[PDB]
Amino acid sequence: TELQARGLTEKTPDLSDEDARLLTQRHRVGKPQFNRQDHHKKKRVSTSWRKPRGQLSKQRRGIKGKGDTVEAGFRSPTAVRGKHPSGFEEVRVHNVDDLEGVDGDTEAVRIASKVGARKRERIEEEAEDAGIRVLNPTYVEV
Amino acid sequence: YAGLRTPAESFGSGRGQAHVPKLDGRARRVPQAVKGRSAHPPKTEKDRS
Amino acid sequence: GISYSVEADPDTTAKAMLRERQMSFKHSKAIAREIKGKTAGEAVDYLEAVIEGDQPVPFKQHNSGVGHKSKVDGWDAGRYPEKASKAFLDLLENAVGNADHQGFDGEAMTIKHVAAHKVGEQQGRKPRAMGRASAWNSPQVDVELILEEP
Amino acid sequence: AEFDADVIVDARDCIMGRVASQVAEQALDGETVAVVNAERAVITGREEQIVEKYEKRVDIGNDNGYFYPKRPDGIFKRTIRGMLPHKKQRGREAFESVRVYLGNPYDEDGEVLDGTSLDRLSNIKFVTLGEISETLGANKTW
RNA sequence: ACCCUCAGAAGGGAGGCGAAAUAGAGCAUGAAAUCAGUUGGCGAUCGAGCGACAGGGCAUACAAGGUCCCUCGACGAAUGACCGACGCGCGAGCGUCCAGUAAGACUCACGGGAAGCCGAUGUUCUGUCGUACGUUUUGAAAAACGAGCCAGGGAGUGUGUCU
RNA sequence: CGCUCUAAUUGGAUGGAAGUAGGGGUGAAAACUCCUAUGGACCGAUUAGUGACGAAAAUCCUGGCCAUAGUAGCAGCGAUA
RNA sequence: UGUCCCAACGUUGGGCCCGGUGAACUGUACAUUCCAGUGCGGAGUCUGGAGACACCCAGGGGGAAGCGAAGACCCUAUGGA
Ligand SMILES: [Cl-]
Ligand SMILES: [Cl-]
Ligand SMILES: [Cl-]
Ligand SMILES: [Cl-]
Ligand SMILES: [Cl-]
Ligand SMILES: [Cl-]
Ligand SMILES: [Cl-]
Ligand SMILES: [Mg+2]
Ligand SMILES: [Mg+2]
Ligand SMILES: [Mg+2]
Ligand SMILES: [Mg+2]
Ligand SMILES: [Mg+2]
Ligand SMILES: [Mg+2]
Ligand SMILES: [Mg+2]
Ligand SMILES: [Mg+2]
Ligand SMILES: [Mg+2]
Ligand SMILES: [Mg+2]
Ligand SMILES: [Mg+2]
Ligand SMILES: [Mg+2]
Ligand code: NA
Ligand code: NA
Ligand code: NA
Ligand code: NA
Ligand code: NA
Ligand code: NA
Ligand code: NA
Ligand code: NA
Ligand code: NA
Ligand code: NA
Ligand code: NA
Ligand code: NA
Ligand code: NA
Ligand code: NA
Ligand code: NA
Ligand SMILES: [Sr+2]
Ligand SMILES: [Sr+2]
Ligand SMILES: [Sr+2]
Ligand SMILES: [Sr+2]
Ligand SMILES: [Sr+2]
Ligand SMILES: [Sr+2]
Ligand SMILES: [Sr+2]
Ligand SMILES: [Sr+2]
Ligand SMILES: [Sr+2]
Ligand SMILES: [Sr+2]
Ligand SMILES: [Sr+2]
Ligand SMILES: [Sr+2]
Ligand SMILES: [Sr+2]
């Protein structure tokens, strides 16, 4: 009578103290949008980042208010870089065999969108039995 | 010779227009022109072995 | 052409449309805007009064150079677009007709939805001085109308 | 017409600029102030040079307009406006919870703010707002 | 097809076909510019590179993010007191002790709480900074040059020889 | 990082591919990825290659479109109808 | 002898309002400005003040170093005729 998601939906990974600390830092510190200079002033100028190259560019010259310029200093902590917000490391899955070798305590699985419902059902039931959480689960009315 | 079969000429300065070769009011020949030549296209003379 | 842009319950609703009408699109927005919410019958009387010249149609957006009209309420500029008004009378005629054929009280129904859409331009060319020609086009207008029981 | 002032300041024999500075400060801190006996407020210096300055302000102007007040009423209020960011929300709010009066429309006497008092026995080079206004051509209604 | 409407082989309405007519004729898909109607936010006393970063208002079906807030406690870097006592200074004030103590960003635990609630997204308000972009130039917001807007098109390529 | 096509290895798709729209997640970033709607037939990954491979600009090109604007004109001529 | 002192009244067609028809020039963006200042020394946009409730009609054109034309003048090019 209501929608229910398949699999270990609420499962959390177990992280060292240092990892939980760094995951928490990343989440607290965040980062600037880093959109291209003046993308908001002209529709033909998309948001996708491009190093400001103008000799006179205010952003290139680093004037406060013109937005931050991409620099390595903005990189996230190595120990957590790329982790799903839950803390899980993500593993791209296209079939049941891709589930082999995946540690459900440390990794969660993400079924490629291309995968069909028939094959998703098998993958979803095999992952649950393997103790692996599926980040993009199917909702069935149970 | 693709894009080069035209006597198109530029009007130069004077009519408030970019100096682009035109024929019958249509821009032609140059690479930025639709129906113009290909600037650096695949070439038969290239040794592919 | 357009498709009705608003949902309509067939059991308590009646529809109508005008297609590619060659009339002022700007006048149509003004008229639609003015009759929405009215009763089919009120709209009709209103439009006839516009054509007769006794009631001005407020021109709130396409108003440059338009002279003020004392009878315009809450606004200043207005006019009497008789052509687009007549086209709207055909629309209402069709609408109320359909309404009655369905068993409804046509004239009594409320104009729930009415909007004009520019579907195109019939192109024309006009010779000008100095050996050149310029555009001389006609707007093409579609207009949707949905009547609804009170 | 009734002004619930949290403070009623008496400008009599008080240095206009010094009072203005404190009333602005308080108004910004949320206080509702009523300055009373404006015509009796005072400004030090040579009457001849002081009046020249206020006469110049009356003569300045053009189509855009430079409307300068002539009554001690408005002179004082403008003086206060110059110590407030009256074009900002917070500034306009403060300025608007401040009012100056000719005489004292209240039953309660106003208080003399510290440091703003001028001693007539020790000073002879000063003028009165009322005097300035009369020279400017104001209608001595007070 | 039939029926209704209409001056009407127009158009419209209803209806029939098909998995689909939002496949009904330049009839696969259907971006942006942009137009009509409409929803959220702002709005007829207020100021202009249109934002970046902080922080408030209001708005939010699901899914793909799940956090967040308050008491208290633990930890506690640089920094770092009040009060009190004693002692100096014309004075503002200072010294010594209390004391590198209390406090101290982050993080965590207990207990309580939030689900438009936390993130995020839309818009708006406040604070700080801020006169586009590219080019020319010693010097560009420039009263120097270029562009109305959007989409698509649009510039180190080949042979031979040399290094 | 992204684009095209070739090859080897290896996968996805009518139990719904590409694309598009809106929205969630990751990456300093190029950009990657998922969800929902639409769509209705194709689509990847890795490795080695290939190159008519990336645009905000050139009074750049072509197409489409807005404001201009319901504005100018639809008067002027010895033929005022 | 209205060229002038010194302008007036009148006539016809426009102009203005209404129906219908219906373009073009121009447009980096923002833009209610004014006085000073500053700045590549000639600013609606920077600074400081002043003024400023929104929208619309008619007008004569002060400003946008207005729009239109890659200055014709001057010089330069191991340019042309
Ligand atoms: Cl790196
Ligand atoms: Cl139109
Ligand atoms: Cl004035
Ligand atoms: Cl202010
Ligand atoms: Cl004295
Ligand atoms: Cl930490
Ligand atoms: Cl190169
Ligand atoms: Mg943009
Ligand atoms: Mg070609
Ligand atoms: Mg007019
Ligand atoms: Mg001719
Ligand atoms: Mg189609
Ligand atoms: Mg492989
Ligand atoms: Mg391209
Ligand atoms: Mg460039
Ligand atoms: Mg105009
Ligand atoms: Mg030149
Ligand atoms: Mg010469
Ligand atoms: Mg010669
Ligand atoms: Na030819
Ligand atoms: Na060859
Ligand atoms: Na308008
Ligand atoms: Na009126
Ligand atoms: Na009226
Ligand atoms: Na003084
Ligand atoms: Na004045
Ligand atoms: Na907000
Ligand atoms: Na240049
Ligand atoms: Na520039
Ligand atoms: Na300048
Ligand atoms: Na144009
Ligand atoms: Na041009
Ligand atoms: Na005369
Ligand atoms: Na002018
Ligand atoms: Sr899919
Ligand atoms: Sr020339
Ligand atoms: Sr308008
Ligand atoms: Sr103070
Ligand atoms: Sr039908
Ligand atoms: Sr400590
Ligand atoms: Sr383009
Ligand atoms: Sr290219
Ligand atoms: Sr147009
Ligand atoms: Sr005539
Ligand atoms: Sr004529
Ligand atoms: Sr200013
Ligand atoms: Sr004029």
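Heavy atoms only: backbone and side chains are in, while hydrogens, waters and symmetry mates are out. The sequence lines fix the lettering, A, B, ..., with proteins before strands; numbering per chain opens at 1.
If C:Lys126 and C:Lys69 are placed on RNA chain G by their nearest nucleotide, the residue sitting closer to the 5' end is C:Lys69. Closest-nucleotide positions on RNA chain G for C:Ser134 and C:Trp75 were compared, and the one nearer the 5' end corresponds to C:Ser134. Mapped onto RNA chain E by nearest heavy atom, D:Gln89 and A:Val29 fall at different nucleotides, with A:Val29 at the one closer to the 5' end.
Evaluation of the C1'-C2'-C3'-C4' torsion of E:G8 gives a negative value and hence a south sugar. In terms of the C1'-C2'-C3'-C4' torsion, F:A56 has a south-puckered sugar. The angle is below zero. The torsion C1'-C2'-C3'-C4' is the criterion here, and for F:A41 it is negative, giving a south pucker. A north sugar is assigned to E:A10: the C1'-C2'-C3'-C4' torsion is positive, on the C3'-endo side. For G:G61, the torsion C1'-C2'-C3'-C4' is below zero, which places the sugar in the south, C2'-endo range.
More than 12 heavy-atom neighbours from other residues, nucleotides or ligands sit within 6.0 angstrom of NZ on A:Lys11. When the shell of 6.0 Å around CZ of A:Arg81 is examined, it contains more than 12 heavy atoms from other residues, nucleotides or ligands. Other residues, nucleotides and ligands contribute only 12 or fewer heavy atoms inside 6.0 Å of the CG atom of C:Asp73.
Counting atom types as modelled, A:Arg118 pairs a side-chain N or O with a base atom of F:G15 as donor and acceptor under 3.5 Å. Evaluation of atom-type donor-acceptor distances gives a pair under 3.5 Å for the side chain of C:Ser24 against the base of F:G70.
Within a heavy-atom distance below 4.0 Å of RNA chain G, no residue of residues 10-27 of chain A is found. Contacts between residues 89-96 of chain C and RNA chain G, defined by a heavy-atom separation below 4.0 Å, involve no residue at all. Taken residue by residue, residues 3-33 of chain B places heavy atoms nearer than 4.0 Å to RNA chain G at B:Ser13, B:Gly14, B:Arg15, B:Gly16, B:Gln17. Using a 4.0 Å cutoff on non-hydrogen atoms, no part of residues 104-111 of chain C comes near RNA chain E. The stretch residues 55-71 of chain D comes close to RNA chain G through D:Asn62, D:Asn64, D:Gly65, D:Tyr66, D:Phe67, each having a heavy atom under 4.0 Å from the strand. Within residues 36-49 of chain B, the residues having any heavy atom closer than 4.0 Å to RNA chain E are, in order of number, B:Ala39, B:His40, B:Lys43, B:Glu45, B:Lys46, B:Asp47.
Here the separation of F:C32 from E:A64, taken at their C1' atoms, is 15 Å to the nearest Å. E:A81 sits 10 Å from E:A99 when the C1' atoms are compared, rounded to a whole Å. If you take atom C1' in F:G19 and the same atom in E:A151, they sit 16 Å apart, rounded to whole Å. Annotation: G:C75 and G:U38 have their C1' atoms spaced 34 Å apart (nearest Å). Comparing G:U33 with E:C46, their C1' atoms sit 12 Å apart, to the nearest whole Å. With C1' as the reference atom, E:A143 and G:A64 are 10 Å apart, rounded to whole Å.
Here the CZ-CD distance, from B:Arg28 to B:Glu9, works out to 15.0 Å after rounding to the nearest 0.5 Å. One distance of note links CD of C:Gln102 with NZ of C:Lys15; it measures 10.0 Å at 0.5 Å rounding. Taken to the nearest 0.5 Å, the OG atom of C:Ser28 stands 11.0 Å off from the NZ atom of C:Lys118.
Annotation: cation-pi geometry satisfied between D:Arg78 and D:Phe67 (NZ/CZ under 6.0 angstrom from ring centroid, within 45° of ring axis). By the 6.0 Å and 45° rule, D:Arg92 does not stack over the aromatic ring of D:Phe95.
Taken together, G:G44 and G:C30 constitute a Watson-Crick or G-U wobble pair, since both relevant N/O distances lie under 3.5 Å. Base pair annotation for G:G15 with G:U33: unpaired, by the Watson-Crick or G-U wobble rule (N1-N3 plus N6-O4 or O6-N4, or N1-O2 plus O6-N3, under 3.5 Å). Judged by the 3.5 Å cutoff on both pairing distances, F:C1 and F:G39 do not qualify as a Watson-Crick or G-U wobble pair.
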Kindly give the atom pairs (protein nitrogen or oxygen, nucleotide nitrogen or oxygen) under 3.5 Å for nucleotides 19-28 of chain E.
none

For nucleotides 44-49 of chain F, list the nitrogen or oxygen atoms of the protein found under 3.5 Å from its nitrogen or oxygen atoms, one pair per line.
residue	atom	partner	partner atom	Å
F:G44	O4'	A:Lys114	NZ	3.4

Scan nucleotides 33-52 of chain E nucleotide by nucleotide, 5' to 3', and note B when protein non-hydrogen atoms come under 4.0 Å of the base, S if they reach only the sugar-phosphate, - if neither. SSSBSS------BSS-SSBB
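Distances were taken from every side-chain heavy atom of A:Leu56 (C-beta onward) to each of E:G12, F:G70, E:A140; the shortest belongs to E:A140. Between F:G70, F:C34, E:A64, one nucleotide has an atom nearer to the side chain of A:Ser113 than all others, and that is F:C34.
With rounding to whole Å, A:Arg110 atom CZ is found 16 Å from F:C32 atom P.
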Strand RNA chain E as a dot-bracket string - pairs counted if Watson-Crick or G-U with both distances under 3.5 Å, | where the partner lies in another strand: ..(((.....)))...................................|.((((((((((....((((((..((....(....(((((....))))).....)...))..))))..)).)))))))))).|.(((........))).||||||..........
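E:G156 takes the syn form, because its glycosidic angle lies no more than 90° either side of 0. Using a 90° window around 0 for the glycosidic torsion, F:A72 falls outside it and is classed as anti. E:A32: glycosidic angle beyond 90° from 0, hence anti.
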Please list, one pair per line, the donor and acceptor atoms closer than 3.5 Å that link side chains of residues 35-45 of chain C to other protein atoms, with sequence neighbours excluded.
residue	atom	partner	partner atom	Å
C:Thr39	OG1	C:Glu42	OE1	3.3
C:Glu42	OE1	C:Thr39	N	2.5

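Residues C:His27 and C:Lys83 have side chains that never bring a donor and an acceptor to within less than 3.5 angstrom of each other.
Taking a heavy-atom distance under 4.0 Å as the criterion, the stretch of RNA chain G touched by chain B extends 5' to 3' from G:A69 to G:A70.
Remark: of the listed residues A:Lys42, A:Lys41, A:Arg36, A:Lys41 is the sole one forming a salt bridge (charged side-chain N to carboxylate O under 4.0 Å, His left out) with A:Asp38.
Between E:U136 and its strand neighbour E:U137 the base rings stack, satisfying centres under 5.5 Å and planes under 30°.
Pairing of F:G16, defined by two Watson-Crick or G-U wobble distances under 3.5 Å, is not identified with any nucleotide. Pair check for G:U78 finds none; no Watson-Crick or G-U wobble contact set falls under 3.5 Å. Nucleotide F:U10 forms a pair with F:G44, judged by Watson-Crick or G-U wobble geometry with both contacts under 3.5 Å.
Between A:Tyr139 and F:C35, a side-chain N or O to OP1/OP2 separation shorter than 4.0 Å is absent. At the phosphate of F:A56, OP1 or OP2 sits under 4.0 Å from a side-chain N or O atom of A:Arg36. Under 4.0 angstrom from either OP1 or OP2 of E:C68 there lies no side-chain N or O belonging to A:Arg28. Listed pair A:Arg81 / F:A28 meets the phosphate criterion, a side-chain N or O lying under 4.0 Å from OP1 or OP2. Checking the phosphate oxygens (OP1, OP2) of E:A32, no side-chain nitrogen or oxygen of A:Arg44 falls inside 4.0 Å.
Under 4.0 Å is where a charged nitrogen must lie from a carboxylate oxygen, and between D:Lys56 and D:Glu52 no such pair does. In this structure, D:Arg90 does not pair ionically with D:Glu93, as no charged nitrogen and carboxylate oxygen lie closer than 4.0 Å.
Using cut-offs of 30° and 60° on the angle between ring planes, the pair A:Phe34 and A:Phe74 is perpendicular.
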